[PDB]
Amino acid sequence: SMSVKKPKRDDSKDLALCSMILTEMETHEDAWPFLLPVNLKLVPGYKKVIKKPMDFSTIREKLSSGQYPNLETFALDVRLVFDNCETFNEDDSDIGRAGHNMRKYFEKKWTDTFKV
């Protein structure tokens, strides 16, 4: 409360650590469905069904331009990528399995990096 401060984790490395995680996502073999925005004029249904599209290159732009206030907002956009994937793709399609693979890959790095 007012003038009563909870001890706070050191957040000074967060930007560089989220950038390192994002780099490893971008270089993952199954990243290819997520590297660029889904082409709304070539993929039927995507615009109407998926209300908040998101991809690694948009995340990288937002990270390089100070559009994430904290690490939780960065993780929310990463998870949005995979939530959108599940909404639109069959679990066992190539794109759909890629999404499940990438989500697991991301959450481990997230726990390994920040749940010290």
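Residue numbers here begin at 1 and follow the sequence given. Whichever C-alpha set is largest while still superposing within 1.5 Å between the two forms counts as the rigid core.
When the other structures are laid on the shown form by the core, the C-alphas of 8 to 16 and 102 to 110 differ in how far they drift in 9 other deposited structures of this protein; the larger average drift belongs to 8 to 16. Higher mean CA temperature factor between 90 to 98 and 6 to 14: 6 to 14, per the PDB entry. The deposited model assigns a higher average Cα B-factor to 34 to 42 than to the other stretch when 34 to 42 and 50 to 58 are compared.
When the CA B factors of the chain's modelled residues are split into thirds, the value for residue 72 lands in the highest one. Ranked within its chain, residue 65 lands in the lowest third, by CA B factor from the PDB record.
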